[PDB]
Amino acid sequence: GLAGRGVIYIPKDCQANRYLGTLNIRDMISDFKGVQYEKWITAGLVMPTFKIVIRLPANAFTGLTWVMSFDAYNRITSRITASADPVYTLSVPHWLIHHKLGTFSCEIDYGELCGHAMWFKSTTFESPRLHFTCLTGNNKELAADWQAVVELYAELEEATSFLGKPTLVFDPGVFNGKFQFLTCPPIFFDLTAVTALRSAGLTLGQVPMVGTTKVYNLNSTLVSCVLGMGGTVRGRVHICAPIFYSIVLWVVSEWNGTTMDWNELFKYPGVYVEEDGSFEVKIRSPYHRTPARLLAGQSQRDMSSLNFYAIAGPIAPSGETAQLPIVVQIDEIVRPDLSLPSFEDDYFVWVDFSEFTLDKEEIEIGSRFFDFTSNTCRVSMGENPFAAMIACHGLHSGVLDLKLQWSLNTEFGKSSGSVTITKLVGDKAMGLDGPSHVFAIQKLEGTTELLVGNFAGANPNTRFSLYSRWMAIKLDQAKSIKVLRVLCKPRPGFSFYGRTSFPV
Amino acid sequence: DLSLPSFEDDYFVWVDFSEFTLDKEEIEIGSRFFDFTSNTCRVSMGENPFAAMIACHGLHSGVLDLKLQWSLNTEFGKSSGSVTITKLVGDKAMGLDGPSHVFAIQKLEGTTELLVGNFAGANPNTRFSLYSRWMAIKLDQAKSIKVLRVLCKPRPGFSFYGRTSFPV
Amino acid sequence: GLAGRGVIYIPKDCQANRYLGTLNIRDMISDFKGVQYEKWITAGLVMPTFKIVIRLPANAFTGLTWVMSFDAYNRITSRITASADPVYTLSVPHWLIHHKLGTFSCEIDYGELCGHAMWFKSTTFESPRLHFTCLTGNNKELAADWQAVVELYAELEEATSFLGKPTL
Amino acid sequence: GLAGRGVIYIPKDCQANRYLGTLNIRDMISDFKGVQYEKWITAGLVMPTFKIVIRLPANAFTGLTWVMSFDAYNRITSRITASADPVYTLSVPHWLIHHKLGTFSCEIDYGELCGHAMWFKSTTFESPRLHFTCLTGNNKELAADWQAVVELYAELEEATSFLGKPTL
Amino acid sequence: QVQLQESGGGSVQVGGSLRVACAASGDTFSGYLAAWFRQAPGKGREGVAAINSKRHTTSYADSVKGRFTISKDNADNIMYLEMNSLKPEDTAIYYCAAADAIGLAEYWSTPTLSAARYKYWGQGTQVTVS
Amino acid sequence: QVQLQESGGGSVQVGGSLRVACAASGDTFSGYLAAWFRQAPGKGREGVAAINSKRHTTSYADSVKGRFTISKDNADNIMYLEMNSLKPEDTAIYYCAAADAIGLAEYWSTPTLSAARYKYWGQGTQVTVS
């Protein structure tokens, strides 16, 4: 069952991080009119499992590699058009295709990746797109510009529900020590130096950033739950090099700093690697653990870091001035002894309103989790990892309990008025006036419940409004309240559909 | 044939802040058990045998519950402001802003929970700072509170590593 | 498995409470380069159970005794340099060695005493040290100054966790 | 059982018969202080069977080869420093290492080669040495100078007699 | 990383409007959350209005609403302060200062007015009235 | 156990600084927590600043901050009161008094200013202004 086809145009001299153009599955199934396109009309909406097959010639003397980044949503489409850094295109579920190998084909399950079956007539959420980039480039120029065809073989049977399985159900201990799609920017060894030391930071969960704008990815937030991590990481190296580049390198873990002379260094446990193949290294800590995040007055090398030394240098034949890239990917952590989780089942602060400048004020929340936009009062939000899992994932569902906390600026004996919350079905133009509470501000605490979702079952981050329950906070006399807070714990039933990164 | 133990499973007083001389004041506890060093208010500590087992032993670990107790110097009808506690992971330069509570000082009692430890698992007496949860008490209007106390009971899971003496 | 060696210099007329000098295990395993010192590099951090063996001649006519005080931490190191009272050196886990007996050797478990396995490249917490003092001295002067060798026999296998069993 | 380590520095354009430097096992076991170095003190004199493991990257486009000549005695050390002809370095027990292959490791029995177990404190007969030379060189120049590490894995148990089996 | 050049301040009659010059981009982004600042003799660094530009969120200072505005031109894509009407006391020189390390807690919130957060500081343009 | 000898008090102009003599050690320790004290005619023994020296913790009296200081020289290792500026009313003779029975509840706490705790009492030095 072949449906959809596309081409990508690769210039003669590809560069590292250069943009090779994108293509979307909506265009390929619509443009390439076929059996499956019109079988996708009668079926309504489908949840396809289909294998992309990229057809390129196998040639081992240029040492190219390309990263295919699959974003269901257009977060990074605007970022990536010029000088696409590794972090933007490696923070989304991605597959590396190696030029030495040929006809790379690896399936994708659109149920486990994106979670929501898709419509035909138009697009409700932005189309699932694929971005290609040279992760590292050829040493020297090619003969002339070339091309690659990308095909996707699918079978279309009807989808029963708009929602697949939830990717993860949120709980306080959520980190089991297993990773998906964790890879790093290319480490580069230069040829001139007789020896070389390179260092990879081992403290995951530090929200990798280019230098100006941070990037939230799910692996970082998933590590940020625990306080430090265990030992014995296992990952494999991929040597992106021509056939005539060669290097052999020794891999150890270091805290805090490198022994200068080598006859002290070879005593440590470490792995030699001269080819593309796995290593397994155990994390060396004075405390047997590594914090996994950094404090205010601290650097990144002071903690544990895993180091690559070149004991026998990268050798070169007569003509190459180009550097040799090494890329590592961590499949798993093994023999885990994880420390205490950061946050227990107690509540976490969600939003806090303060500096009310105009009285008889309302604030509208609705079914959405964030994006309140209160124009007569200042608002603040939490850094917590849960609100990070809301920004990383595409669709989120559930119900979350509330509390209110406030204090009084005026004298307690001059107090008056109330803080109410109003709960409707649909927006107040029409509505059924469900359970609403009027708390007098003399009480100073209140607790209620809120639903995030729709009739469809889940609500995404970029805003639309679909019929659901609508909650608004109304303040009778505002100036009284100096500061207001609301902290929320999600009920056990919760879900996150889709996987993505949020470039902020 | 041993007689009755001195202290039952009820709480024991841990630290008490008083004589606030400067308003809009904070006090930082952190993950450490002692060594608060509040420079704008006077502090006092307990003689109790538990805080003695903390000084004798080298490393101590666990989680201990809290309560707050305070009273008002001003008139109750002139009262204003709050006493909050702020709970982070790491020091406030970076942090995740975990569960924090804002109690109005009109309530007069509050209860929370604290962890003493690290990622490594235990925190000793002479100070260093290793990545862990960090708790600070912030007072909006300080002069109101005449005396503040906090009394803590450790949860059953607790531990003491090492053996030593403390010459004071 | 012999690793580490040290000497202590005893003056001819020892006094009651006089200080006979200290020695630390970090220095003895680093200085005496051997099988176990470099086996302690590859193992990372170790939790050794090792027996100190102090070799002194058995002589029953002077009635000496020496107390060996083992402090993992440097609390008493500053106190004890001059006129070391009994309470400072008897409030730490300590072993009495009797001059009538000879070649006193009693093991120590660094797991049950100090609880935390130790690093090599540098010291995170101050080194485990040993202080020796005459607990009571000879009736009359000796013939001339003398000496004692202290040895510690160890076996080093890797430690799984930074924490042993909690002491209590 | 790793003991001893060394490096050799290979210039960018190796020549046929050029001298790539030597290294002696006495220096590597003394300089690289370890488990086996000090296990070689207590054992007295040892007759080790140990495998040299030379770690170099496998690259098939330069067609290099190096000859490792092992002389227990310093007969050829003075001859070979300049323009080392093939016969000097191929008349001693020698092993060819091919650059196409990688991580060449072939054992040596110091009992069958040299026949006499060796002392530690000093050298009675001149140290067993290893000389490396390019037996034939690259067609064209490399990119830049490079390096190779040589390791020798040994196990040291005591030698009963000063003499092994007679070779013939 | 960031260059800044500004002019357009000078004396004016009450009820007057002084446009402030478009903030000079530097190093090819000019997208960072940036807030103006004021002074008073003896009183340093009180904040003024700001915009979170990418979300189109406006923030204004206390003591002022409507007589200072801050907007971004869609075509020029470069922030500039706008002042449509003016009270006598604008004594200070205004400052333009931007912060580029925005995280997730500074994004959906209102733009902060604290001075300690903004790492890029520049001279700014002198404004006063008789 | 403890000897004390002091001088250095005398009349001075307003804004003046009188250093007080280093507390005489006695019996080879001089490490005890020690607090100064003041009087008023009709009003006895109001406390003044103190130091817990070994932890480097400072304590000051109410009604005074910054114009009385108390510090320990690292080399001399002997406490002495320091007064950098002075208000008219210092009427009393100051007293130096130390307590050497410190426990664990007086160690991590702020140094106490209560008069009843300190068992070593001495005459002290006369200070006044016109």
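Readers should treat all values here as calculations from the given coordinates under stated rules, not as data from a laboratory. Here the Cβ positions follow ideal geometry from the backbone for every residue, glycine too, while neighbour counts run over all protein chains shown.
Less than 23 Å apart at the alpha-carbon level, and either on another chain or at least 8 residues along: which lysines does that give for F:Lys119?
Qualifying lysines at Cα under 23 Å: F:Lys43, F:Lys54, F:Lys72.
Rounded to the nearest 0.05, what FRET efficiency is calculated for C:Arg5 and D:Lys12 with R0 set to 51 Å and r the Cβ-Cβ distance?
The calculated FRET efficiency here is 0.55.
Using +1 at the Cβ of each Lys and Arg and -1 at the Cβ of each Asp and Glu in the protein assembly as shown, identify which of D:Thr22, C:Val67, B:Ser144 lies farthest towards the dipole's positive end.
The Cα lying farthest towards the positive end belongs to B:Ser144.
Just tell me the longest site-free run in chain C, where the sites are trypsin sites (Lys or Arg not before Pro) in a DSSP loop having at most 11 other beta-carbon atoms within 10 Å.
That gives C:13-139 as the longest site-free run.
Among the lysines in chain B, how many pairs, 8 or more places apart or on different chains, have alpha carbons under 23 Å apart?
So the count of such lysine pairs works out to 28.
Measuring from centroid to centroid over Cα atoms, what is the spacing of the stretch A:375-413 and the stretch C:111-146 in Å?
Rounded to whole Å, the Cα centres lie 58 Å apart.
Under a point-charge model restricted to the Cβ atoms of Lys and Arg (+1) and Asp and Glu (-1), what is the dipole moment magnitude of chain A relative to its Cα centre, in debye to the nearest 20?
Dipole size: approximately 440 debye.
At a Förster radius of 41 Å, what calculated FRET efficiency corresponds to the Cβ-Cβ distance of A:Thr160 and A:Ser436, to the nearest 0.05?
The value I calculate is 0.65.
What is the sum of charges, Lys and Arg at +1 and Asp and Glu at -1, for the other residues whose Cβ falls under 11 Å from the Cβ of D:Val150?
+1
How much net charge surrounds A:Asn461 when only the other residues with a Cβ under 11 Å from the Cβ of A:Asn461 are counted, with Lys and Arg +1 and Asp and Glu -1?
+2
Find the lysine pairs in the stretch A:351-439 meeting two conditions, Cα atoms under 19 Å apart and a separation of 8 or more places or different chains, and report how many there are.
Going through the stretch A:351-439 pair by pair, I get 4.
Using a simple charge model, +1 on the beta-carbon of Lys and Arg, -1 on the beta-carbon of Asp and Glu, nothing else, what dipole does the protein assembly as shown show about its Cα centre, in debye to the nearest 20?
The dipole magnitude comes to about 1260 debye.
Return the single residue from E:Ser109, E:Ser30, E:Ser85 with maximal mean-square fluctuation; model: Gaussian network over chain E, springs between Cα atoms under 10 Å.
Sorting by GNM fluctuation, first place goes to E:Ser109.
Mind telling me which of B:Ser132, B:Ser144, B:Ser44 comes out most flexible in a GNM of chain B, alpha-carbon contacts under 10 Å?
Highest fluctuation of the listed residues: B:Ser44.
Hey, got a sec? Which chymotrypsin sites (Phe, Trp or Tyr not before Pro) in the stretch A:418-489 land in a DSSP loop and have at most 15 other Cβ atoms within 10 Å?
Passing both the DSSP loop test and the Cβ count: A:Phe455, A:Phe464, A:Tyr467.
By the scheme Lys and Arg +1, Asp and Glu -1, what is the net charge of all other residues having a beta-carbon under 12 Å from that of A:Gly4?
Surrounding charge for A:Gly4 is +1.
Can you find, among A:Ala292, A:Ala316, A:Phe353, the residue farthest towards the positive end of the dipole of the stretch A:292-386? Put +1 on the C-beta of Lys and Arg, -1 on that of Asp and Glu.
So the residue furthest toward the plus end is A:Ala316.
Per-residue HN-Hα couplings for the stretch A:368-383, Karplus 6.51 cos²θ - 1.76 cosθ + 1.60 at θ = phi - 60°, whole Hz, x for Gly and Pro?
Calculated HN-Hα couplings, in order: 5, 7, 10, 6, 8, 6, 8, 9, 9, 8, 8, 10, 9, 9, x, 7 Hz.
For chain D, with a Gaussian network of springs between Cα atoms less than 10 Å apart, report the residue from D:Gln15, D:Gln147, D:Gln36 with the top mean-square fluctuation.
Answer for the Gaussian network model of chain D: D:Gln147.
For the stretch A:50-151, which GluC sites (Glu not before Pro) pass both filters: DSSP loop (anything but H, G, I, E, B) and at most 12 other C-beta atoms within 10 Å?
When the GluC sites (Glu not before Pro) of the stretch A:50-151 are filtered for loop state and at most 12 Cβ neighbours within 10 Å, A:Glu141 remain.
Simple spin-label model, 7 Å along Cα-to-Cβ: B:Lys92 to A:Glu362 in nm?
So the two model labels end up 3.5 nm from each other.
What is the minimum Cβ-to-axis distance for chain E, in whole Å, where the axis maps E onto F, and to which residue does it belong?
E:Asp62, 30
Of A:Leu90, D:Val87, A:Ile363, which is farthest along the charge dipole of the protein assembly as shown in the positive direction, counting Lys and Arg as +1 and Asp and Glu as -1 at C-beta?
A:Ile363
Dipole of the stretch A:343-504, Cα-centred, from +1 at each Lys and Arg C-beta and -1 at each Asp and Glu C-beta, to the nearest 20 debye?
That gives the stretch A:343-504 a dipole magnitude of about 200 debye.
Which FRET efficiency value, to the nearest 0.05, do you get for E:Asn74 and B:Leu108 by plugging their Cβ-Cβ distance into 1/(1 + (r/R0)^6) with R0 = 51 Å?
0.40
Pairs of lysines 8 or more apart, or on different chains, with alpha carbons under 30 Å: count those in the stretch D:10-168, would you?
Eligible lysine pairs with Cα atoms under 30 Å apart amount to 13.
Going by Cα centres, the stretch D:47-70 and the stretch B:40-71 are how many Å apart?
So the two Cα centres are separated by 65 Å.
How much length, in nm to one decimal, is gained on full extension between A:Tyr9 and A:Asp476, taken as 0.36 nm per residue of separation minus their Cα-Cα distance?
Taking A:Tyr9 through A:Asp476 to full extension adds about 161.9 nm, to one decimal.
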